[PDB]
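Listed next as structure tokens is one chain, alone, in the form deposited in one PDB entry.
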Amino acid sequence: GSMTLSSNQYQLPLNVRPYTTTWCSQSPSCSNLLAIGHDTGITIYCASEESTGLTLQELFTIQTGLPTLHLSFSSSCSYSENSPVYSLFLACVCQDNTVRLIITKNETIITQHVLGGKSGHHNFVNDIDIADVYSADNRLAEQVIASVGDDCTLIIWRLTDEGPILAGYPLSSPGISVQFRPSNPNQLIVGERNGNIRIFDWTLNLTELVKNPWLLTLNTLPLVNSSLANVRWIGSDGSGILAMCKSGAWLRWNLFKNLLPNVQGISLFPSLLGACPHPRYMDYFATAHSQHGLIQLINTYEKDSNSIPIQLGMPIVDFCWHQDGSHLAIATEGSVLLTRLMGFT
């Protein structure tokens, strides 16, 4: 099954290899910003109204000197039209296995916090996320960064008003994904390589030597008959959980014999990158055959209908939904595509 669509392709400069793509969805005023992490930093594009639809305009490049492998925007990002200045707050992972908070005025990094050495991860970092925690008086109490790696550790990095607070929690296998809960930054979900899914409230024990800080542990292993690709909250309130295996087997739990998933299925292709849930419709998610350049659109509650909107004929590096739910940004090895699915308009 195909879909009616329109795509624009923008070449990256010849010496630039992309690694990751993300929209600045966490901050409404900056929701049209697209970031591409590449071999020498982060390039920021701006999606604007053109016939109809969107076009990409490169704004600037944040220089880091090494590849950026994972990236997450903060809700603290803001725009001011004085000399237009974007004040960005980026959480990212770099080739040197550091976890970073990058604070910019346009391309200029005015402040940077780097977690490495003995304090950070001792192996490859696989995923990162960031959340803003507000006081009872509605002020920015702290910014919290969560990261997981092949050192089988979840690191909670809290940047508070009075210095950083650092905490590490053991995993039973490499951490392969992490994400704060929508509408509740006190909670997050962690995907382990072995199929374990940890749900965690990191504010509860603020009781040191504890192998079980977790609130709840789900598990894909007894349900799929290889390693876990990712796990994501779905819903604006995180009322559901979507897990995807590398094989293409996906599982969905709704939170509100209720021991099995509410529904599961298997994608047409393997999913090296995992699932990318739709911003507006819980039932929909996108998954890619990254090596062959295909993207399948799956509805979890729909009949077994095979919908493949995108075929590129070249490898896909990363992709992500625009917050409007009709646009996808797709990175290939030498370009970025802006694709508009007409069915979602």
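We call the rigid core whatever largest set of C-alpha positions still superposes within 1.5 Å between the two forms. For every residue, the number given is its place in the sequence shown, counted from 1.
A chain break between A136 and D137 is not present, all residues of the deposited sequence in that interval being modelled.
Per the record, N225 and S226 are separated by 4 to 9 deposited residues that have no coordinates. Higher mean CA temperature factor, per the PDB entry, when comparing 120-128 with 137-145: 137-145. The mean C-alpha temperature factor is higher for 303-311 when 303-311 and 288-296 are set side by side. Per the deposited record, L204 carries the highest C-alpha B-factor of all listed residues (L204, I109, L188, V99). Of the candidates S173, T104, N230, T160, it is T160 whose Cα B-factor is highest according to the PDB record.
For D39, the recorded CA B-factor ranks within the middle third of the chain. Only modelled residues enter the ranking. For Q11, the recorded CA temperature factor ranks within the highest third of the chain's modelled residues. When the modelled residues of the chain are ordered by C-alpha B-factor, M342 sits in the highest third. Sort the chain's modelled residues by C-alpha temperature factor and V210 lands in the highest third, per the entry. For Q57, the recorded CA B-factor ranks within the highest third of the chain. Only modelled residues enter the ranking.
From this point on, the text means the form deposited in another entry, which you will not see here.
Just a single entry of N186, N212, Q95, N262 exceeds or equals a 2 Å CA shift between this form and the one not shown, which is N212 (rigid core superposed). In the other form, the CA atoms of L33 and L14 sit closer together than in the displayed form, by at least 3 angstroms. Put simply, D151 and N212 spread apart in the other form: their C-alpha atoms are 3 Å or more farther than in the form shown.
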